[PDB]
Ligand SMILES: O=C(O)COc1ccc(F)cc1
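Here we start with a single chain on its own, the form deposited without (4-fluorophenoxy)acetic acid (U2R), put down as structure tokens.
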């Protein structure tokens, strides 16, 4: 892929974070805390899952960013509508406003409904995410494997501004404490 030149600087929006997340001073890293992080509740926060949005909103053009997932057992990454549901239980699907992939129990899957098995030969340590708003495309790239394609959502119906989307996952096992990190340009 030759998408690197649409690189955008993403930062995390603290106000949207689940109340157990810890976001670094530079707003470029997030991890699961071992308790409530002593913040007030608000209508933006994801209540049920360890999710957070990027601050940036995109309604046109081409955008690219990279995320470090080193040594995590579980995570979701992609984009979502600015208007997605924050409270209660929901599935990651395009019908609900999400264009995502994930790692869960040693399998990588795309968030179609129902979900799609991904065929990854080299477990990724960094993921590239490309959005073409006008074309209706979200693509995922394996930066560890020379940028190989992971998955393309095409014919996307965004139906609103898009935000970068992250889920650090639960840490029931004690093996998933590591952060998601936004990688330097």
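Numbering follows the first chain given and starts at 1.
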Handout entry: 36-44 versus 66-74 - which carries the larger mean C-alpha B factor in the record
Key = 36-44
Handout entry: Between the two ranges 88-96 and 75-83, the one averaging a larger CA B factor in the entry
Key = 88-96
Exercise for the section: Choose from 51, 138, 122, 149 the residue with the greatest Cα B-factor as stated in the PDB record. Expected result: 122
Problem - Among modelled residues of the same chain, the CA temperature factor third for residue 19 - result: middle
Handout entry: residue 116 CA temperature factor, ranked by third within the chain
Key = lowest
Practice task
Divide the modelled residues of the chain into thirds by Cα B-factor and specify which third, lowest, middle or highest, holds residue 180.
Solution key: lowest
Completion exercise
In terms of its chain's C-alpha B-factors, the third that includes residue 128 is the lowest
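What comes next is about the form solved in complex with (4-fluorophenoxy)acetic acid (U2R), which is not displayed.
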Exercise for the section: Using the partner position in the entry with it bound, report whether residue 18 sits within 4.5 Å of (4-fluorophenoxy)acetic acid (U2R), counting heavy atoms only. Expected result: yes
Handout entry: 4.5 Å heavy atom contact, residue 32 to (4-fluorophenoxy)acetic acid (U2R) in the entry with it bound
Key = yes
Problem - Partner proximity in the entry with it bound: residue 56 to (4-fluorophenoxy)acetic acid (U2R), non-hydrogen atom cutoff 4.5 Å - result: no
Exercise for the section: Flag residue 148 as yes or no: does it have a non-hydrogen atom within 4.5 angstroms of any non-hydrogen atom of (4-fluorophenoxy)acetic acid (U2R) in the entry with it bound? Expected result: no
Practice task
Select from 14-52 the residues with a non-hydrogen atom within 4.5 Å of (4-fluorophenoxy)acetic acid (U2R) in the entry with it bound and write them out in sequence order.
Solution key: 18, 20, 32, 47, 48, 49, 50
